[PDB]
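**Student:** What follows is a single structure, and I will ask about it in a moment.
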Amino acid sequence: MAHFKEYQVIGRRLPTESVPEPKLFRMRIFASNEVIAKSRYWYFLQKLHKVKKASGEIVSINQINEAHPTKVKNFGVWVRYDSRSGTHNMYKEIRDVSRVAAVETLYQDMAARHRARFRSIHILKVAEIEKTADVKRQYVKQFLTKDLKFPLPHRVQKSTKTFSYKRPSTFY
Amino acid sequence: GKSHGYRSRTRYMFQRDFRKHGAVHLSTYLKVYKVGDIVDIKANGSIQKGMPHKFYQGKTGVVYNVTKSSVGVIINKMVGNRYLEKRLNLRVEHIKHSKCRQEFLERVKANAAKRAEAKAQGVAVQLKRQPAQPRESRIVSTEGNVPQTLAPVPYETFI
Amino acid sequence: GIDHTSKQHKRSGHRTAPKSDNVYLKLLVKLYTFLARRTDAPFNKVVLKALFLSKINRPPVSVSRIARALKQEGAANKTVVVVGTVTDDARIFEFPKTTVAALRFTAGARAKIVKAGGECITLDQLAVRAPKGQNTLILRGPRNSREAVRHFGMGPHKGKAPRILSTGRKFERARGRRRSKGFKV
Amino acid sequence: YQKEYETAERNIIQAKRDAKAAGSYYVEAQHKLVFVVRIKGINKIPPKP
Amino acid sequence: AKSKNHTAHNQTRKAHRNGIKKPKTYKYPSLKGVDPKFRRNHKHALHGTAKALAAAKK
Amino acid sequence: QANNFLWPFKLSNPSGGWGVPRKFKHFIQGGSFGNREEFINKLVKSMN
RNA sequence: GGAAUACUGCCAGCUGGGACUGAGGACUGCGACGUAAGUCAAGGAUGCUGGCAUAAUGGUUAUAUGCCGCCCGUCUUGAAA
RNA sequence: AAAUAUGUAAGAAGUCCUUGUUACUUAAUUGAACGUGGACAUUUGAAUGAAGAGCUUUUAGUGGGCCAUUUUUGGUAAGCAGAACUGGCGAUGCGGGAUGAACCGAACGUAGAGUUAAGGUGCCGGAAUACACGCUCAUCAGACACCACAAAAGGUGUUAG
RNA sequence: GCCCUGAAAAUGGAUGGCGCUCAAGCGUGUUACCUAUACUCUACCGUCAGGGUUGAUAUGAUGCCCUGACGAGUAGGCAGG
RNA sequence: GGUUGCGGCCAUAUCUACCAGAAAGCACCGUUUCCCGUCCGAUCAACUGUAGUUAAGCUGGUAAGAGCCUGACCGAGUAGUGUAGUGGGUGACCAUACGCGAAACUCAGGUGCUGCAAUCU
C-alpha cells in the first residue's frame with residue numbers, strides 16, 4: 001500500500017502422497033514489498049479455493065516490470081469496493097506510462113472520491129485499451145485529440161526568501 | 001435463594017449419548033485395573049452408585065486401590081494457590097484406561113528395540129522426538145501444470 | 001524498564017558469620033574460613049557453616065549417640081566431630097575409646113570419654129591433626145526433638161500439641177476432642 | 001567457513017537458474033532461523049504473551 | 001448502604017505470587033484408604049521377605 | 001547451547017527511525033511487528 | 001543482437017567535517033608490523049603551545065529572563081476542591 | 001458442532017531377563033504386591049527458558065474498591081446496578097491526548113552524548129507555509145481514537161460510478 | 001463522496017488559541033524533521049550476587065581487591081544511621 | 001463356503017416389499033405317564049425323533065426403496081472464532097492483518113465385520 005510494484009505470485013497446495021504435483025495458480029498482485037504481495041496472494045486464494053497458507057506454499061514470486069515504460073497508454077481499470085453502506089463494481093480509466101503508475105493513481109482516486117481506503121478495494125482487471133475510442137470516459141478522451149495544446153494560466157512561483165522587493169507576477 | 005446441590009449444573013454432562021441409552025456393554029466390566037494405572041474419569045449417569053462428582057468429569061488420575069466393584073483414584077485438585085491431593089472411589093462404569101499411557105508404553109518398547117538394533121550394529125541412535133521442521137528446498141515442474149492465473153471476482157447478489 | 005522475573009535485591013537466606021560475639025568462636029571461624037577457602041576438602045566447608053548456626057540448630061550430641069555411631073562398620077577408629085556440645089548419658093555402660101572434637105563438653109561427657117581412655121579435642125586442635133577432615137565422622141543432634149516443635153502445624157486432624165499452659169481433664173478435652181462432645185478434632 | 005558459505009549461496013543461485021531453464025521453479029528451503037526484537041515496552045501485557 | 005457482593009478480581013494474581021507449585025510426590029506413598037484385608041496380608045508378605053533376606057546372611 | 005550462551009542483545013532505538021507512523025500494527029498493515037522477513041536486517045542494522 | 005543504467009544487497013574498500021567522553025595508574029594479557037634490533041592506534045590520553053593575579057575560575061545570595069510549579073494534613077474508588 | 005479455554009503423558013522412582021516372599025488370590029507357583037541376582041547411560045527418550053532448587057517457622061497491613069477492551073444480566077436509559085477473563089487506577093511520577101486517577105507511549109538511582117516512542121512540525125511552540133493525486137465553498141463549512149453526540153428523510157450543488 | 005436542508009435555550013467564548021479556503025480543511029501516498037525519567041554507550045552513588053586475598057612480611061578481615069546485574073512505591077515489614 | 005452353540009463390536013447389522021435356499025444344522029412339528037406351570041400343555045414342564053413341512057422362523061438376493069455408514073478442493077475456506085490497530089462508520093455494524101475453522105447442502109460409494117468350539121455334499 002504505497003509506491004507500487006507488481007508481482008507475479010505463483011502458489012499451490014502442499015503435495016500429498018495422494019496428489020503429488022497439485023495444480024499451480026498465479027495472481028498478479030500490486031503491492032509495495034513482497035511480504036505484502038504474498039499476504040495478498042493468500043487473501044485472494046482463500047476466497048477462491050479451499051486453502052490456507054498453512055496447507056499451501058508459494059512456489060515463485062517475481063516482479064513484473066512494465067514493458068514499455070515510456071509509451072503513454074490509456075488503461076481500463078476494473079475495481080470492486082466497499083462503501084459505508086454496500087459494495088460496488090466500478091470501471092474507470094487512467095492515462096499513464098505504466099500499470100504500476102496507473103494503479104497508484106487508482107488508489108488515490110478511490111480515496112479522494114469515495115473515501116475508500118486500501119483494505120476496501122479489490123483490483124479486478126487492469127488493461128491497456130488498444131484502440132483509441134474504445135476509450136469510454138470523457139476525462140481521458142479529452143487528451144486524445146489531434147494537436148492538443150493548452151496553456152497553464154496563473155503561475156505561482158515559490159519564493160526562497162520571506163520578503164521580496166517587487167510585486168510578483170503570474171505570467172507564464 | 002441460590003442452590004448448589006451435589007449434582008447441580010449437570011443436565012448435559014451426565015446425559016447419555018444420543019441413541020446410546022441403556023445397558024452398558026460388557027467390555028466395561030472386563031477391563032482389568034491395577035494400582036498405578038492411569039484412568040480418565042467420565043461419569044455414566046445411568047449408574048448412580050460409585051459416581052464421580054462433577055468437578056472430576058473429564059479429569060485423569062492414578063489408581064491407588066482396587067476393590068470388589070471400584071478403583072480408588074488419585075486426583076490432584078487445585079484449591080487456592082496449591083494442589084490438594086484427592087482420592088475418589090469410582091465404580092468401574094465411570095473410569096477408562098488412559099489411552100495416552102498406552103502410546104507411551106508402546107514407544108518405550110519401540111525405544112528399547114531401536115536401541116538394541118543400534119548397539120548390535122554399534123551405531124548412534126537418536127531416540128527423542130523432534131518437532132515438525134521447516135521444509136527443505138524442492139523443484140516443482142510445470143509439465144502438465146502450466147500455472148492457471150486467477151483474478152478477484154466482482155460483487156454480485158444472489159438473492 | 002524490565003519485566004523482572006524474580007525479586008530484585010534479594011539476599012541469600014543464609015548466615016554469613018555467627019550471630020555470636022564470642023571472640024573465641026570468631027577465631028575458630030577465622031581458622032575454618034582459611035581452611036575452607038584454601039583446601040578442597042568438603043569437610044571444612046561443612047564445619048565452617050556449622051560454626052554460624054544458632055543454638056536451636058546445634059542440638060547437643062550425646063555420648064551414647066557417639067557410642068552408637070562408633071558401631072558403624074569401619075567407623076571404630078574415626079575421630080567424631082560435633083560442631084556443638086556433647087552431653088553425658090548414664091544410659092550406656094560400656095563406652096569405647098576414640099577422640100571427640102567438639103565445641104563444648106559437659107563435665108560428665110569429658111569424664112566418660114576420658115575414663116574410657118579416649119581424648120577430648122577442640123576444633124582448632126582437630127584442624128591441625130586433620131587439615132582436610134581425614135577420618136572424621138560429623139555428627140548432629142536431633143533437632144526436631146525440641147518442645148517448641150510439638151506445636152507446629154497445629155490444626156484440625158494434624159496430630160499436634162496445643163499450646164496449653166496447664167493440663168488435665170478439664171483443660172481442652174471436651175467439645176471438639178471427643179465424639180461425645182460436639183465433634184472430634 | 002568462508003568457503004562453505006560462498007558455495008552454499010552460489011549453489012542456491014544456480015539452482016534457481018537451472019529450474020528456470022528447465023521450465024520449473026526452484027523453491028527455496030524454509031528458514032531454519034529467526035532474529036526477534038521486542039518492540040513494546042513492559043506495561044500492560046497479557047499473561048500468556 | 002449496599003456494598004459490592006462478590007468478585008474473583010485479583011484472586012489469581014494473588015494465588016500466583018507464591019503459588020501453585022504442585023503435588024509433593026514421594027516414592028512410598030500414604031497407604032490411606034487401601035483395602036484392609038490386602039494390607040493385613042501385605043504385612044506378612046513383607047515380614048517374610050525381610051526374614052529370608054536376613055536368612056541369606058547367616 | 002551456543003545461542004543460550006549469548007546474552008540477550010541490547011539494541012538501541014533505530015537510528016533513522018521506524019519508517020512508519022505507527023509501530024503497533026503489523027508490518028503488512030503499515031508497519032513494525034510481525035514477521036517482516038528479510039527486512040529485519042535493515043531494521044536491526046540501524047538498531048545495532 | 002550487444003551493451004548501459006536503475007533498484008536491492010555485500011566488501012575483514014579508501015577517505016572528509018561535527019559532537020560528547022578520557023574511567024584507570026609500575027609490570028604481567030591477546031595481538032599487530034617489521035629480515036632484524038626494534039616499533040605500535042594491541043587489558044581506559046597523551047604531546048606541544050598559550051592565558052589568569054587585588055585575576056581566569058568556582059560557591060553562595062538577590063534580582064531579571066525562558067519554560068515549568070494549585071494547600072498542606074486527613075478519610076476516600078476519586079481532593080486544588 | 002467449532003474457536004478460546006481445559007486433564008494426563010513424553011522414562012533411572014525407567015526398561016528387559018532370571019526367580020525369592022505371603023496368612024491375599026488362583027483349578028493350579030496361578031496371579032497380585034514387594035524383592036534378590038544379571039543387562040542396558042553420547043540424543044536417557046520433544047521444544048524454549050531456568051535470573052539457583054527444596055523446605056520451616058513466625059508476624060504486619062488488608063478484608064468499602066474503582067476503571068478500560070471483550071463476553072455478559074437487569075433496566076427506555078444512565079457518568080445506573082450486577083457477574084466473566086485479562087490488563088490498569090488505587091500505591092505512580094515521566095512523554096502525548098490543551099485540560100484530565102483509569103486512554104496512547106512508556107514505568108522512575110545521580111548525570112553526559114546519541115536514538116526513538118505515542119504525538120507532532122503556519123504562528124503561539126521544538127520541527128518542511130515539504131512533495132504528490134483528487135475532493136470540498138457552507139448568509140450555521142471543516143479540522144483526528146477513548147472524547148466531550150446527532151437521525152429518519154430530502155437537494156437539477158459538485159464529483160466519480 | 002464532499003457540500004446544503006432536516007439542526008430550538010438560557011452571563012460572552014471556544015477545532016486549546018490565533019487564524020486558515022488549489023488550506024493551516026477531507027481521503028491517500030512519499031520523504032525529511034522535532035521530542036520522554038524509554039532504548040544504546042560511558043562516569044558516579046547504592047543494593048544484590050559471584051570471586052580473590054593477612055603465606056612470613058605497619059596503618060581498618062564485620063576489611064582490601066576483581067567481576068556481572070539491578071534501582072517505581074501507599075498500607076506495611078526489616079535494616080543502617 | 002453353509003449351519004449351530006457361546007460371543008465381540010452394536011443398523012454397512014435396523015425398516016418395507018418381493019423372490020430364492022442343495023446338504024447338514026436349526027426350526028416348525030407329534031404326545032401328556034412322569035417332574036412342573038396355566039382360565040387355557042398357547043406359554044412354561046416333561047416325552048418321542050417317532051407321523052409330517054420348508055409355510056413360517058432363519059439365511060441370502062432384488063429395490064433410480066425409507067434409515068444407517070463412509071468419502072469428497074459438494075457447499076465453504078463460507079458461518080463462528082483467538083490475536084492487532086489513535087482502522088472505516090453518527091450508530092447499527094463492517095473491512096483489513098497473523099491464525100483456527102464448522103454445520104446444513106450436494107454429489108459419489110457402501111449395506112455387517114469378526115473370535116472360540118462343533119458339524120455338513
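Residue numbering restarts at 1 in every chain; chains get A, B, ... in the order shown in the C-alpha cells, and ligands count up from 1 in that same order.
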With 8 Å as the limit and counting only C-alpha atoms (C1' of nucleotides), what residues in chain F lie close to chain J? Please list them as a ChimeraX atom specification.

**Tutor:** /F:24-26,28-29,34

**Student:** Using C-alpha atoms, can you export the residues from the last selection as an mmCIF file, in the first residue's frame?

**Tutor:**
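Writing the result to again26.cif gives the following:
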```cif
data_model
loop_
_atom_site.group_PDB
_atom_site.id
_atom_site.type_symbol
_atom_site.label_atom_id
_atom_site.label_comp_id
_atom_site.auth_asym_id
_atom_site.auth_seq_id
_atom_site.Cartn_x
_atom_site.Cartn_y
_atom_site.Cartn_z
ATOM 1 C CA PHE F 24 1.846 -1.142 16.811
ATOM 2 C CA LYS F 25 0.179 -2.558 13.714
ATOM 3 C CA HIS F 26 1.618 -5.317 11.558
ATOM 4 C CA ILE F 28 1.796 -5.950 6.449
ATOM 5 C CA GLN F 29 -0.503 -3.182 7.634
ATOM 6 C CA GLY F 34 5.211 -9.408 12.984
#
```

**Student:** Could the residues of chain C that have an atom at most 12 Å from chain E be listed as a tab-separated table, each with its closest atom pair and the distance in Å to one decimal, counting only C-alpha atoms and ordered by chain and ascending residue number?

**Tutor:**
```
residue	atom	partner	partner_atom	distance
C:5	CA	E:17	CA	11.2
C:6	CA	E:17	CA	10.6
C:7	CA	E:17	CA	10.9
```

**Student:** With C-alpha atoms retained, export the selected residues as a PDB file, in the first residue's frame.

**Tutor:**
```
ATOM      1  CA  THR C   5      11.048 -12.405  36.730  1.00  0.00           C
ATOM      2  CA  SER C   6      12.388 -12.539  40.292  1.00  0.00           C
ATOM      3  CA  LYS C   7      12.640 -10.393  43.333  1.00  0.00           C
TER       4      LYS C   7
END
```

**Student:** Here is a test: counting only C-alpha atoms (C1' of nucleotides), which residue of I:4, I:14, I:26, I:33 is nearest to chain A?

**Tutor:**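 Among I:4, I:14, I:26, I:33, it is I:26 that comes nearest to chain A.
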
**Student:** For the strand (DSSP E) assignment from backbone DSSP, which residues of chain A qualify? Please present them as a PyMOL selection string.

**Tutor:** chain A and resi 5-13+24-31+56-63+73-82+87-96+121-128

**Student:** Need the shell around segment 10-17 of chain E: protein/DNA/RNA residues with any atom at most 9 Å away, counting only C-alpha atoms (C1' of nucleotides). Skip same-chain ones fewer than 6 positions apart. Format as a PyMOL selection string?

**Tutor:** chain B and resi 80-82

**Student:** So the first atom is atom CA of residue 42 of chain B and the second is atom CA of residue 76 of chain B; what is the distance between them in Å, to one decimal place?

**Tutor:**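 Separating atom CA of residue 42 of chain B from atom CA of residue 76 of chain B is a distance of 16.1 Å.
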
**Student:** Write out as an mmCIF file with N, CA and C atoms, in the first residue's frame the residues lying within 6 Å of segment 12-28 of chain D, counting only C-alpha atoms (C1' of nucleotides) and excluding same-chain residues fewer than 5 positions away.

**Tutor:**
```cif
data_model
loop_
_atom_site.group_PDB
_atom_site.id
_atom_site.type_symbol
_atom_site.label_atom_id
_atom_site.label_comp_id
_atom_site.auth_asym_id
_atom_site.auth_seq_id
_atom_site.Cartn_x
_atom_site.Cartn_y
_atom_site.Cartn_z
ATOM 1 N N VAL A 59 5.365 -20.945 -4.549
ATOM 2 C CA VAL A 59 6.344 -21.600 -5.384
ATOM 3 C C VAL A 59 7.317 -20.596 -6.049
ATOM 4 N N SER B 137 14.263 -27.456 0.389
ATOM 5 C CA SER B 137 14.059 -26.981 -0.986
ATOM 6 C C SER B 137 13.384 -28.051 -1.879
ATOM 7 N N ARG B 138 12.579 -27.629 -2.864
ATOM 8 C CA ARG B 138 12.031 -28.519 -3.898
ATOM 9 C C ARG B 138 12.086 -27.844 -5.217
ATOM 10 N N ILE B 139 12.008 -28.672 -6.245
ATOM 11 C CA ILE B 139 11.823 -28.174 -7.592
ATOM 12 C C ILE B 139 10.444 -28.594 -8.106
ATOM 13 N N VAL B 140 9.519 -27.655 -8.238
ATOM 14 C CA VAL B 140 8.275 -28.067 -8.845
ATOM 15 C C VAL B 140 8.347 -27.889 -10.360
ATOM 16 N N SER B 141 7.832 -28.883 -11.072
ATOM 17 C CA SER B 141 7.839 -28.886 -12.519
ATOM 18 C C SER B 141 6.528 -28.341 -13.038
ATOM 19 N N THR B 142 6.472 -28.166 -14.342
ATOM 20 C CA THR B 142 5.411 -27.424 -14.972
ATOM 21 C C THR B 142 4.792 -28.247 -16.105
#
```

**Student:** Mind dumping a table of every chain B residue within 10 Å of chain E, with the nearest atom pair and its distance in Å to one decimal, using only C-alpha atoms, sorted by chain and rising number, as JSON lines?

**Tutor:**
```
{"residue": "B:64", "atom": "CA", "partner": "E:34", "partner_atom": "CA", "distance": 7.5}
{"residue": "B:65", "atom": "CA", "partner": "E:34", "partner_atom": "CA", "distance": 5.6}
{"residue": "B:66", "atom": "CA", "partner": "E:35", "partner_atom": "CA", "distance": 7.5}
{"residue": "B:67", "atom": "CA", "partner": "E:35", "partner_atom": "CA", "distance": 7.2}
{"residue": "B:72", "atom": "CA", "partner": "E:34", "partner_atom": "CA", "distance": 8.3}
{"residue": "B:76", "atom": "CA", "partner": "E:23", "partner_atom": "CA", "distance": 6.9}
{"residue": "B:77", "atom": "CA", "partner": "E:23", "partner_atom": "CA", "distance": 9.1}
{"residue": "B:78", "atom": "CA", "partner": "E:20", "partner_atom": "CA", "distance": 8.0}
{"residue": "B:79", "atom": "CA", "partner": "E:20", "partner_atom": "CA", "distance": 9.3}
{"residue": "B:80", "atom": "CA", "partner": "E:15", "partner_atom": "CA", "distance": 6.5}
{"residue": "B:81", "atom": "CA", "partner": "E:15", "partner_atom": "CA", "distance": 4.5}
{"residue": "B:82", "atom": "CA", "partner": "E:20", "partner_atom": "CA", "distance": 4.6}
{"residue": "B:83", "atom": "CA", "partner": "E:22", "partner_atom": "CA", "distance": 5.8}
{"residue": "B:84", "atom": "CA", "partner": "E:23", "partner_atom": "CA", "distance": 7.0}
{"residue": "B:85", "atom": "CA", "partner": "E:23", "partner_atom": "CA", "distance": 7.1}
{"residue": "B:87", "atom": "CA", "partner": "E:33", "partner_atom": "CA", "distance": 8.7}
{"residue": "B:89", "atom": "CA", "partner": "E:33", "partner_atom": "CA", "distance": 9.8}
```

**Student:** With DSSP run on the backbone, what are the alpha helix (DSSP H) residues within segment 13-130 of chain B? I'd like them as an NGL selection string.

**Tutor:** :B and (27-30 or 99-119)

**Student:** Quote the spacing between atom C1' of residue 2 of chain I and atom CA of residue 95 of chain A in Å to one decimal place.

**Tutor:**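 So the answer is 24.6 Å.
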
**Student:** Ranking B:21, B:34, B:101, B:59 by minimum distance to residue 47 of chain B and counting only C-alpha atoms, which one comes first?

**Tutor:**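 The closest residue to residue 47 of chain B is B:21.
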